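Worksheet: one structure, shown below.
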There are 2 protein chains.
Amino acid sequence: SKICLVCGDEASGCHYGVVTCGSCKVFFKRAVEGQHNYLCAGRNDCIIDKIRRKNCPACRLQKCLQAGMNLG
Amino acid sequence: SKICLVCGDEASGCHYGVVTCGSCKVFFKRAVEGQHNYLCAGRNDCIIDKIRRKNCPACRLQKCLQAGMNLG
DNA sequence: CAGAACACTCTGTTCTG
DNA sequence: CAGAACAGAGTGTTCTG
Ligand SMILES: [Zn+2]
Ligand SMILES: [Zn+2]
Ligand SMILES: [Zn+2]
Ligand SMILES: [Zn+2]
């Protein structure tokens with residue numbers, strides 16, 4: 001496939017176990033080892049797409065997890 | 001109140017008609033004047049508080065207008 | 001492919017008449 | 001008070017093993 005399983009932007013290959021775009025790749029790496037205080041403002045099922053992926057990083061991260069992205 | 005009617009943060013007085021913090025004051029004018037494409041990732045009722053006011057500018061603008069802000 | 005180093009978005013603060 | 005404008009976190013792209 002050529003679409004990111006997380007946001008639907010054009011995929012640049014398989015990153016951390018899942019086919020993702022470059023911004024989802026580094027969002028995930030940064031989420032896992034960084035210092036964020038993400039919090040959903042809706043009901044933990046925000047729509048994650050290219051247009052809205054910056055809106056709820058907390059749902060973005062959860063969607064990354066469910067798709068199976070991992071470091072290990 | 002010292003409280004912002006849009007986001008609950010400590011308010012710096014009445015701006016464009018409504019008691020607001022400084023961030024919402026300048027968020028509101030930037031929104032209205034420079035219209036661009038804000039879209040809710042939930043169901044257009046995102047909680048707007050200090051921790052989460054960057055998440056959904058569409059709802060943030062929506063709460064601003066309801067609360068009564070304007071430039072006229 | 002994983003990471004680094006860059007550049008961008010947008011926001012929020014401080015300063016002013 | 002409204003507005004100018006600098007500084008910042010968070011994000012995204014380009015590049016370099
Ligand atoms: Zn993506
Ligand atoms: Zn969410
Ligand atoms: Zn506010
Ligand atoms: Zn919303």
Side-chain angles (χ1 to χ4, degrees), chain A residues 1-42 44 46-72, chain B residues 1-42 44 46-72:
Chain A
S1 156
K2 61 178 181 297
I3 62 159
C4 166
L5 279 185
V6 169
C7 69
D9 196 4
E10 184 179 7
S12 58
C14 172
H15 303 286
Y16 306 112
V18 184
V19 184
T20 59
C21 63
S23 68
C24 281
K25 169 176 82 91
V26 67
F27 169 85
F28 183 75
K29 185 54 170 223
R30 281 175 178 147
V32 170
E33 57 188 10
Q35 290 80 8
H36 287 3
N37 283 213
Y38 300 151
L39 193 66
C40 183
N44 307 284
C46 294
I47 290 137
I48 304 295
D49 54 13
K50 172 160 181 291
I51 304 307
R52 289 175 284 186
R53 58 184 187 203
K54 313 194 342 255
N55 290 9
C56 191
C59 295
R60 189 169 181 198
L61 173 60
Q62 261 203 338
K63 200 170 172 194
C64 287
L65 287 183
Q66 283 157 25
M69 296 177 76
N70 55 97
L71 300 196
Chain B
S1 259
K2 354 202 143 182
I3 310 249
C4 188
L5 291 179
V6 181
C7 83
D9 195 15
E10 193 150 293
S12 74
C14 155
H15 306 276
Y16 307 100
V18 183
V19 183
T20 73
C21 70
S23 58
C24 295
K25 159 187 106 71
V26 66
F27 166 81
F28 182 73
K29 153 137 187 160
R30 273 148 177 169
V32 177
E33 241 193 16
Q35 353 216 310
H36 45 289
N37 318 286
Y38 295 153
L39 201 97
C40 186
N44 299 102
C46 299
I47 297 156
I48 297 149
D49 57 352
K50 169 109 166 291
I51 302 175
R52 285 175 291 197
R53 57 181 186 211
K54 302 171 189 42
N55 302 24
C56 204
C59 283
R60 190 187 199 189
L61 182 55
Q62 187 184 240
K63 193 163 174 186
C64 286
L65 293 174
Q66 166 279 338
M69 299 179 65
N70 66 97
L71 303 76

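Chain A is the first sequence line, chain B the second, and so forth, proteins listed ahead of strands; every chain is numbered from 1.
- The distance from atom CZ of A:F27 to atom P of C:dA4 is 18 Å, rounded to the nearest whole Å.
- Both A:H15 and B:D9 lie close to DNA chain C; mapped to their nearest nucleotides by heavy-atom distance, the more 5′-ward contact belongs to A:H15.
- In this model, the phosphate group of D:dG3 is approached by a side-chain N or O of B:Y16 to a distance below 4.0 Å at OP1 or OP2.
- One finds the CD1 atom of A:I51 at 14.0 Å from the OH atom of B:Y38 (value rounded to the nearest 0.5 Å).
- Of all nucleotides present, only D:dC1 satisfies the Watson-Crick or G-U wobble test against C:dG17, with each distance under 3.5 Å.
- Regarding B:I48, its CD1 atom lies at a distance of 15 Å from the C1' atom of C:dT11, rounded to whole Å.
- One atom, CZ of B:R30, and another, P of C:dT13, lie 11 Å apart when rounded to the nearest Å.
- One can find a donor-acceptor pair under 3.5 Å joining the base of D:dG3 and the side-chain atoms of B:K25.
- Atom CG of B:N55 is separated from atom P of D:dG10 by 12 Å (rounded to the nearest Å).
- Taking atom CG of B:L71 as the reference point, atom P of D:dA2 lies 9 Å away to the nearest angstrom.
- Rounded to an integer number of Å, the gap from CZ of A:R53 to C1' of D:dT11 is 9 Å.
- Heavy atoms of other residues, nucleotides or ligands lying less than 6.0 angstrom from CG of A:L65 number more than 12.
- The distance between atom CD of B:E10 and atom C1' of C:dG12, rounded to the nearest whole Å, is 15 Å.
- Using a 4.0 Å cut-off, some side-chain N or O of A:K29 falls inside it from OP1 or OP2 of C:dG3.
- A donor-acceptor contact shorter than 3.5 Å links the side chain of B:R52 to the backbone of A:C40.
- Residue note: D:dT16 shows a south-type sugar, the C1'-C2'-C3'-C4' torsion being below zero.
- Judged by distance alone, with hydrogens and angles left aside, the side-chain atoms of A:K2 form no donor-acceptor pair with the main-chain N or O of A:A11 at under 3.5 Å.
- In terms of the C1'-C2'-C3'-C4' torsion, C:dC6 has a north-puckered sugar. The angle is above zero.
- Going from atom CD of A:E33 over to atom P of D:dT11 covers 14 Å, rounded to whole Å.
- As judged by a 4.0 angstrom heavy-atom cut-off over every strand, A:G22 is placed among the base-contacting residues.
- Using a 4.0 Å heavy-atom criterion, one finds that B:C14 contacts the sugar-phosphate atoms exclusively.
- The side chain of B:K54 contributes an N or O atom lying less than 4.0 Å from OP1 or OP2 of C:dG12.
- Judged by a 6.0 Å distance limit and a 45° cone about the ring axis, B:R53 is not positioned over the six-membered ring of B:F27.
- Within the nucleic acid shown, A:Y38 comes within 4.0 Å of sugar-phosphate atoms alone, with no base atom in reach, counting heavy atoms only.
- As the counterpart of C:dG12, D:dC6 is assigned, both hydrogen-bonding distances of the Watson-Crick or G-U wobble pattern falling under 3.5 Å.
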